[PDB]
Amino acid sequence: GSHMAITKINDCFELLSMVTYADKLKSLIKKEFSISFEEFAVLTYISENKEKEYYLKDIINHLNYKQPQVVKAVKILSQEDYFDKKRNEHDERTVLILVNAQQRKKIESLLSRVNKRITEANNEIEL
């Protein structure tokens, strides 16, 4: 529906290339922007499914990084004040996060800058 689907590879050399290309973009986003990929994944997940309230449960489900790293990312991002969030809410499932409609200017702007670096990197590397 939205966003170009990723084309599947069917042999070793294509896999290797895909990984090489993905690793380069990952390291760049981290180098510049100084942010872990899990923080990146949480941030883009939030941007895709716009909301005011998110269940840390769902986020962890829709991502593939294991709670330890995810919660670790939510935590940091929370301090950076990308979204309030706050732990300790007892019973039910666990934790939830709050995305102030204005902290979203902070996120989508960060993601807009990453989108610009991505197209620049595509023009660059092109190995």
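All residue numbers refer to positions in the sequence shown, first residue = 1.
A.B. asks: With respect to the recorded C-alpha B factors, which stretch has the higher mean value, 14-22 or 100-108?
C.D. replies: Higher mean C-alpha B-factor in the PDB entry: 100-108.
A.B. asks: Would you mind comparing 57-65 and 90-98 for me and telling me which has the higher average C-alpha temperature factor in the entry?
C.D. replies: According to the entry, 90-98 carries the higher average C-alpha B-factor.
A.B. asks: Between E32, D84, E38, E48, which one tops the list for Cα B-factor in this entry?
C.D. replies: Highest C-alpha B-factor among the listed options: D84.
A.B. asks: Please rank the C-alpha B-factors of the chain's modelled residues and tell me whether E126 sits in the lowest, middle or highest third.
C.D. replies: Highest third.
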